[PDB]
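# Structural overview
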Amino acid sequence: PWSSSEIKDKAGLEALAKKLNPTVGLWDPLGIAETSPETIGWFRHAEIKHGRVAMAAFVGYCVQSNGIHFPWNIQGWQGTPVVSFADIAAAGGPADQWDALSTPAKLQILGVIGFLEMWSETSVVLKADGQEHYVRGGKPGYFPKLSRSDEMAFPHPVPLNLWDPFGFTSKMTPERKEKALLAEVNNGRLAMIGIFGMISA
Amino acid sequence: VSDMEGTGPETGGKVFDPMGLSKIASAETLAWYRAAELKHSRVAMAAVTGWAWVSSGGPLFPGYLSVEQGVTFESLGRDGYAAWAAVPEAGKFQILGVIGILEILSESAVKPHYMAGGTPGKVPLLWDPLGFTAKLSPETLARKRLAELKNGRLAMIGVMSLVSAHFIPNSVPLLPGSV
Amino acid sequence: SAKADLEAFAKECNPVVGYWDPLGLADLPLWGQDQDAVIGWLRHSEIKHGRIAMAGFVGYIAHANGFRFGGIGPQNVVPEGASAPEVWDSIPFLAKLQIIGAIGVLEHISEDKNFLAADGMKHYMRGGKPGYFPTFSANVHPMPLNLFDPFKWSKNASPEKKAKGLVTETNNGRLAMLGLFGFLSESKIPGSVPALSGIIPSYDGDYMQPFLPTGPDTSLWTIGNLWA
Amino acid sequence: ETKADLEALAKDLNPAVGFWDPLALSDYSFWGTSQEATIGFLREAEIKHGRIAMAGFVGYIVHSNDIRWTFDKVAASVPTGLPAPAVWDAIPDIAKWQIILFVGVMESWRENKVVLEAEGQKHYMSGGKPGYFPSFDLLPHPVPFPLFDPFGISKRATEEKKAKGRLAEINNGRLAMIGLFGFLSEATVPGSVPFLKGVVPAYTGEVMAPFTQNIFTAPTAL
Amino acid sequence: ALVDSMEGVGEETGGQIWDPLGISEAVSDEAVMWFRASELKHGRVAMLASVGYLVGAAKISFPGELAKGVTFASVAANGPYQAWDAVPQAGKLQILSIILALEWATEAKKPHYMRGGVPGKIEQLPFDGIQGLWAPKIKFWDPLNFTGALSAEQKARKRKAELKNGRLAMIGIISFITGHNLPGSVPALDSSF
Ligand SMILES: CC(=O)O[C@H]1CC(C)(C)C(=C=C/C(C)=C/C=C/C(C)=C/C=C/C=C(C)/C=C/C=C(\C)C(=O)C[C@@]23O[C@]2(C)C[C@@H](O)CC3(C)C)[C@](C)(O)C1
Ligand SMILES: CC(=O)O[C@H]1CC(C)(C)C(=C=C/C(C)=C/C=C/C(C)=C/C=C/C=C(C)/C=C/C=C(\C)C(=O)C[C@@]23O[C@]2(C)C[C@@H](O)CC3(C)C)[C@](C)(O)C1
Ligand SMILES: CC(=O)O[C@H]1CC(C)(C)C(=C=C/C(C)=C/C=C/C(C)=C/C=C/C=C(C)/C=C/C=C(\C)C(=O)C[C@@]23O[C@]2(C)C[C@@H](O)CC3(C)C)[C@](C)(O)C1
Ligand code: KC2
Ligand code: KC2
Ligand SMILES: CC1=C(C#C/C(C)=C/C=C/C(C)=C/C=C/C=C(C)/C=C/C=C(C)/C=C/[C@@]23O[C@]2(C)C[C@@H](O)CC3(C)C)C(C)(C)C[C@H](O)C1
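This report concerns the structure included in the present document. (Residues numbered from 1 in each chain as written, not as in the entry; some residues may be left out. Chains lettered and ligands numbered in written order. Part of a larger assembly, values for the part shown. Heavy atoms only, no water.)

Turning our eyes to something else, we now look at the overall build of chain B. In terms of helices and strands, chain B carries five helices and zero strands. Mapped in sequence order, the helices and strands of chain B form the string α-α-α-α-α. The dimensions of chain B, computed from C-alpha atoms along their principal axes, are 55 × 40 × 30 Å. Looking at chain B as a whole, 22% of its 179 residues qualify as buried. Long-range pairs, those at least 24 residues apart, make up 50% of the contacts in chain B with a sequence separation of at least 6. For chain B, the computed accessible surface area is about 12,200 Å², with 69% contributed by carbon and sulfur atoms. (Helix = DSSP H or I, 4+ residues; strand = E, 2+ residues; numbered from the N terminus. Buried < 20%, exposed > 50% of the residue type's maximum accessible area, 1.4 Å probe, protein only. Contact = heavy atoms within 4.5 Å. Areas by Shrake-Rupley, 256 points an atom, 1.4 Å probe, with all protein chains shown as cover.)

Okay, structure coming up:
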C-alpha cells in the first residue's frame, strides 16, 4: 500500500499537468492515467529517465558534431593498440563515433550506466536515504547518494555523488526545487523530440 | 555389534561399518557375519602364507607329488595358478573333499551352532592338537582372538592382491608384473 | 532459526543486497531433511567451494607463471612452459590419484563423527558449525599439525573477529569461484571473459574428467624402487 | 463448484460475455456424477488444455525458429529447417514415449488422493481446487523442486493475486488453445488462418499422430 | 470381511482396495487368502525372474562351467530367451526337483494359509518335522535372520514394499518376454531382450 503524497490518481496527474503547463493540461488519449498507483509511478519515472537520457544525448550530439574531441588516448597503455579521441572524432558523426569505439569500452560504459541504474532501483539504499522505490510511493527520479558512511556504503570510500557533487543546488528554496522539476520535465520532453529529430535527420 | 570383538585402536575404538550391515544384522546375523569373517580370515591366512612360501624361493616338498603320472613338486612351477593348474585333478578333489568334510563337520558337530547361540568360528578338532594355547588367561585369549581377526583381514586383502595380479598384470605395485 | 541466522549472515556479507535466495534452496527439503540440516549443507558447500576456489586461483597463478619445487617429484615430468590446464594433465597418474585420495581422506576426516566428537562438535547437518575441519585428535597415530591454523596463530582470537573472518571467507570464496571459472571459461569459449582475452590459452580437453589424459606412468622413486 | 460459481467465474473472467455455455456440458452429468463434479472435471479440463496450449504456442514458435538445445544429440540428429510439426516426427520414438510417460507420471501424481489430502487439497471432482498440482512431498524418493513454482516465487502471494492469476490463466488458455491451433491449421491447411498466409511453414503429416510408426500396428524399439 | 484387514493398499490408488472387477467383494474370505498367497507367490517369482532376465540380457555369467562341457557364458550367449534349452537337462531337472520339494513341503505344513493360516507366510523351515527325512536347518526365508532386527511396524512397512515390488516385477518380467517376442511392444528394451 502507498504511504506518500506521490501522484496515484488521474486527479494528481491533472494537477501536475496544469503545473507543468497550464495550456495543454492532461493530454492522455491512451488513458494510461486510468491505472494503478504503481503503474502511475512507473510511467512518471520512465518519463523522467527518458528526459535525463534525451538531454544528455542531445548535448553530447551537439558537442560531437561541433567536434570538440578529447585530448587523450583512449587505448594503448596495457600493451594494446593505440587509438585517440581524435581518431574517434574523425570516424564520423555521433553514431559513427560510437561504432568506432572499441567493444570493451562500450561494455564498460554500459556497465557503469547499469551500475547507476541499480543504485537507483535498490530500495534498501533509498530507505537508508530518505526515499522508497518509485512504484511503492517513491519520488520519481531520485538518485541515492554514492558517497556515504552508513552500513550501505561501498567497501572503499567514494568521493562524490552523481547528482549535486558540489551543491550547485545548494539550498534551492523548498518549492523552487519543484519548479526546477517542472522545468526539467518540459526540457526533457523538448530534448526527447529534438534528439529523435536529429537521429531521423 | 558394539559388544563383539574386532574394534582395536586402528579404527577409532569403534565398529567399522560405513554401509551399516551390522545395523540390519540381528544377534544371529552378527554371529553369521563374524563366522564368515573368521572363516575368510583363516582361509586367507593359509592362502597368502602358502603363496608367499612357494613363490619366494622356499623349499618345495621333496619327491613326486604323483609317482604314477610323473608329476613332481619341482615340476609344478613356483608360480601362482600354474602349480594348481598342473596339480592332478584327483589331488584337487582330495583337497576340496577334505575341506568339505571338515566344513560339514564344523557345522554339524558344534552343538550350539553359531547361528543358534554358540561361539562363531570355534572348531575344536583342528585347533591346538598339541594344546599350545591351553593355559592362557581369558584376557590373553581375547587379545589373541583380536590379533587373529586383524591378521586375517590383512591376509584376505593380500590374497586378493595376489589374485588380481595374475588376472590383471601390474595391478599391485611392489609385486611382479607376471603373477 | 537456521534461515534467520543465514539471513543475518547474508546481511553481514553484503547489507545492500542482503539475503538473495532466488531458487529457495534454503527452503527446499533436500533428502527430506529439515530446513536446519539443509541450510547447514548449503552453507558448508558454499565455504567448501569458496575455499577450494581460492586455493585454485592461487594455484593457477603458481602453475601457469611457473612455480615448482626442486628435486625428485611430480614436477619433473611436467613440460616447462606448460599451461595451467596442462600441469595436471602432465603430472603422473599416481600423482593425480594420490592428490585426489589425500583430499578424500581430508573430506572423510571432515565429516567423520570421530574427529568432530573428539573436538566436541557435531556434523554440519546436525547442529554444528558449517565449514569446521576438526583437529586430528582421533587419527590412531598422532599427527603433528592440524589442517586449520597449523601453527595455532589464532589460539586467542575474539569470537567477533572469527565471525567477521567467516563473513570474509564466504565473500572471497564466491569471488574466487567466479575468477577461477573465468580462467576455465576463457580457454574453451573464447571472448567470454573480456579482460582475459589473449592471456589464457585455449585448452582442448575435458576439465571435468580428472583422469583424461591419464598422464605419464613414470616411476620417480629412486632408492628402493622395487616396484618397477 | 456449483453452476452459480461457474456463472460468477465467467462474469469475473469477462463481465460482458458472462456465462456462455451454449452446449450445456456444465449440465450434462458426466459418468452419472453430480453437477458439482462435472463442473470440476470440465474446469480442470479447461485449465489443463489452456496450460498445454500456452506451452505449445511457445514451443511451436521455438521449434519453427530452430532454437534448439546446444548439448544434446537428438536435436542435432533432427534435421534443421523442418516445420515445427515435423520437428516432433523426426525424433526417436523412445523420446516421444518418455515425454508422454513423464506427463503420465505427473498426472498420476496430481490426481492421487493421498498426496492431495496430505498437502490439504482434494481432487478437482471432489470439491477440490481445479488446476492445482501437489508438490513432491510424499514421493518415494526425494526430489529437488516441485512442478508449480520449483523456485520460491508466489509462496507469499495474496489470495486476491491468486484469484486474478487464475482468471488470467483461464482467459489466456482460452486464447492460446486458439492461437496454437491457428498455427497447426495454417500449417496443414494453407489459407485457413487468413493472417498467417506465408508465415507458418506448410506441413503434410498428421499433428494428431505422435509416433511415426504406428504403435498399435508396428512400433520401433531402442 | 477379511479384505479390509490385509496389506497391499497403497498411496497410488488413493489408499483404497484396487478391485475394479469387485471379485474381492464377490468371493469369500477363503478364496481371498488363496488370492493373496498366489499374489505373493507370483510377485516373488517375478522379482526373481526380472533380475534374472536383466542379468541374462547383460550377459553377466558366473566364471566357470555349468556342465563339464558348456560354459555359463556359452549358455547365455543367445540372450535370456534361448537359455533354458541350452541349460543341460540334468541341471534343470534338479532345479525343478528342489522346487517341487519346496512346493510340496510348504503346502504340506499343517496350518494351511486357506484353512487357518497366514497367507503368503510359507513356513520358514520346510523339510523339518518330516518323518524319515533330514535336511539342514537352513531357514528358507532369511537364513541370515535379518528379520530379528525389525519391529512389527517395520515388518508391515516392508511387507507393503514386498507387495508393491512384486507387482512391479510381475509387470516387468512379462514386459521383458513380450519385448523379445514382439520387437516393438515395450519401448526402452534393446535388442538383447
Ligand atoms: C606395497 C603395495 O603396494 O602393497 C603391499 C600391500 C599388499 C598389496 C596388501 C601386499 C600384501 C599382502 C599382505 C599384506 C599379506 C598379509 C598376510 C598375513 C597378515 C598373513 C598372516 C598369516 C598368519 C598365520 C599363518 C598365522 C599362524 C598362527 C599360528 C600357527 C598360531 O596359532 C600361533 C600361536 O599358536 C601359537 C604357536 C602359540 C599360541 O600360544 C599362540 C598362537 C595361537 C598365537 C603386498 C603385495 O605385500 C604389498
Ligand atoms: C625432494 C628432493 O629431491 O629435494 C631436493 C631439492 C631441495 C628440497 C630443494 C633441496 C634443498 C634445499 C634445502 C632443503 C635447504 C635447506 C637449508 C637450510 C635448512 C638452511 C638453514 C640455515 C640456517 C641458519 C643459517 C641458521 C642460523 C641460526 C642461528 C644464528 C642460530 O643457531 C641461533 C640460535 O640457535 C642458537 C644457536 C641457539 C640459541 O642459543 C639462540 C638461537 C636460537 C638464536 C635438496 C637438499 O636438494 C633436496
Ligand atoms: C487470423 C486472424 O484474423 O486472427 C488471428 C488468428 C490467431 C491464430 C489466433 C492469431 C494469434 C495469436 C494468438 C491469439 C496467440 C495467443 C497466445 C497465448 C494466449 C499465449 C499465452 C501464453 C502464456 C504463457 C506461456 C504463460 C505463462 C505463465 C507463467 C508460467 C507464470 O509464471 C504465471 C504467473 O502467475 C505466476 C505463477 C506468478 C505471478 O507472479 C504472475 C505470473 C504471470 C508470472 C493471429 C496470428 O494473431 C491472428
Ligand atoms: C589335505 C588334503 C589331503 C589329505 C588329508 C590326504 C590324505 C591322504 C592319505 C591319508 C592318510 C593317504 C593315504 C593319501 C595318499 C595319497 N595322496 Mg593324498 N591327501 C591330501 C591331498 C593330496 C593331494 C593334493 C594329492 C594327494 C595325492 C596322493 C597320492 C598319490 C597318488 C598317485 O601318485 O597317483 C596318494 C597315494 C596326489 C594324487 O592323488 O595325485 C594323483 C596329490 O596330488 N593327496 N593322501
Ligand atoms: C505450462 C503451464 C502453465 C501455464 C502456461 C500457466 C499460465 C498461467 C498464467 C497465464 C498468463 C497465469 C496468470 C497463471 C496463474 C496461476 N497459475 Mg498457472 N500456468 C501453468 C501451469 C500451472 C500449474 C501446474 C499450476 C499453476 C497455478 C497457478 C496459480 C496459483 C493459484 C493458487 O495457488 O491459488 C496462479 C495464480 C497453480 C494452481 O494451483 O493453480 C490453481 C498450479 O499448481 N499454473 N498461470
Ligand atoms: C604438515 C601438514 C600436513 C601435511 C601434509 C602433506 C602434504 C603430507 C605429505 C606426505 C607424504 C606425501 C608422505 C609420503 C610418505 C611415503 C612413505 C611413508 C613411503 C614409504 C616407503 C617404503 C616404506 C618403501 C619401502 C621399500 O622399497 C624399500 C625402500 C626397499 C625394501 O627394503 C622394502 C620396500 C620394497 C617395502 C597436514 C597434516 C595435512 C595439515 C597440517 O596443517 C600441516
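A few words on the coordination of the magnesium atom of ligand 5. With respect to protein ligation, the magnesium atom of ligand 5 binds only D:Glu169 (OE), at 2.7 Å. Locating D:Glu169 in the fold gives a position in helix α7 (residues 159–188). (Donors = N, O, S within 2.8 Å, 3.2 Å for Na, K, Ca; no water.)

The next point concerns the interface of chain E and chain D. With 11 residues of chain E at the contact, the number on the chain D side is nine residues. Counting the surface chain E buries against chain D, the share from its top three residues, E:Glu11, E:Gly184 and E:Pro187, is 50%. One can count zero salt bridges joining chain E with chain D. There are one residue pair in polar contact connecting chain E and chain D. Per-class residue counts for the side of chain E that touches chain D are four nonpolar, four polar and three charged. (Buried area = accessible area lost by both parts, 1.4 Å probe. Salt bridge = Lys/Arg side-chain N within 4 Å of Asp/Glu carboxyl O. Polar contact = N/O pair within 3.5 Å; in protein donor to acceptor, adjacent residues only side chain to side chain. Nonpolar A, V, L, I, M, F, W, Y, C, P; charged D, E, K, R; others polar.)

What follows concerns the site of ligand 2. Neighbouring residues of ligand 2: C:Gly70, C:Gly71 and C:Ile72. Measuring from an oxygen atom of ligand 2, one finds a backbone N or O atom of C:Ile72 at 3.0 Å. (Near = heavy atom within 4 Å.)

Summarising the element assignment, A:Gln131 is placed in the loop between α6 (123–128) and α7 (176–200). Discounting residues that sit within four places of it in the chain, A:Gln131 has contacts with A:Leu126, A:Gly137, A:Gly138, A:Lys139 and A:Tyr142.

Moving on, we get to helix α2 (residues 35–64) of chain D. Residues and elements named next belong to chain D. For α2, which comprises 30 residues, the first-to-last C-alpha distance of 42 Å matches the rise-based estimate of 44 Å (1.5 Å per residue) to within 8%. Of the positions making up α2, those classed as buried are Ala37, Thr38, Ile39, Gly40, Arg43, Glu44, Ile47, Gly50, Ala53, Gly59 and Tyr60. Where the residues of α2 are buried, they touch α1 (3–13), α4 (84–89), α5 (93–110) and α7. Of the residues trailing α2, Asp66 is marked for its positive phi of about 50°. (Expected span 1.5 Å × (residues − 1).)

Our focus in this paragraph is the nonpolar core. Residue and element names in this part refer to chain D. Of all hydrophobic cores here, the largest spans 12 residues; its members are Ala53, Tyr60, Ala84, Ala86, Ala176, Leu180, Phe183, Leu184, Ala187, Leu196, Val200 and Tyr203. When contributions to this core are tallied by element, the ones reaching two or more residues are α2, α4 and α7. Sorting elements by how many residues they give to this core places α7 first, with five residues. Every residue in contact with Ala84, bar those within four places of it in the chain, is listed here: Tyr60, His63 and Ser64. (Core = buried A, V, L, I, M, F, W, Y, C linked by side-chain atoms within 4.5 Å.)

Counting protein donors to the magnesium atom of ligand 4 gives just one, B:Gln94 (OE1), placed at 2.7 Å. By the element assignment, B:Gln94 lies in helix α4 (residues 89–108).

What follows concerns a nonpolar patch on the surface. Taken together, the side chains of C:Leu94, C:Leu97, C:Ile99, C:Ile100, C:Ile103 and C:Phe211 define a hydrophobic patch exposed on the protein surface, amounting to about 470 Å² of accessible area. On the secondary structure map, C:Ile103 appears in helix α4 (residues 93–111). (Patch = residues over 30% accessible without salt bridge, like charges linked within 9 Å, V, L, I, M, F, W, Y side chains within 5 Å.)

Residues and elements named next belong to chain D. Neighbouring residues of ligand 3: 14 residues in total, closest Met54, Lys161, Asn172, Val193 and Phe195. Between ligand 3 and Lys161, the relevant distance is 3.2 Å, taken from an oxygen atom to a side-chain nitrogen or oxygen of the residue. Contact with the protein chains covers 50% of the free accessible surface of ligand 3, which is 1,100 Å². For the shell around ligand 3, the secondary structure elements donating two or more residues are α2 and α7. Ranked by residue count, the leading element in the shell around ligand 3 is α7, at six residues. Of the residues contributing to the shell around ligand 3, the split by class is nine nonpolar, four polar and one charged.

Moving on, we get to the packing of aromatic side chains. How two aromatic rings sit relative to each other is set out by the distance from centre to centre and by the angle between their planes. A complete count under the given rule lists 34 aromatic pairs over all chains for this structure. Measuring from ring centre to ring centre gives 5.7 Å for C:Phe133 and C:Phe136, while their planes differ by 75°; the resulting arrangement is edge-to-face. In this structure C:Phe133 comes out as buried when scored by relative accessible area, which is 15%. Where D:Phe30 meets D:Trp31, the ring centres are 5.9 Å apart and the plane angle is 80°; that geometry is what we call edge-to-face. For D:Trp31, a relative accessible area of 63% corresponds to the exposed category. C:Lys188 extends its terminal NZ or CZ atom over the ring of C:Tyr207, reaching a point 5.1 Å from the ring centre. (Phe/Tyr/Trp six-rings, centres within 6.5 Å; stacked < 30°, edge-to-face > 60°. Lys NZ or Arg CZ within 6 Å of the ring centre and 35° of its normal.)

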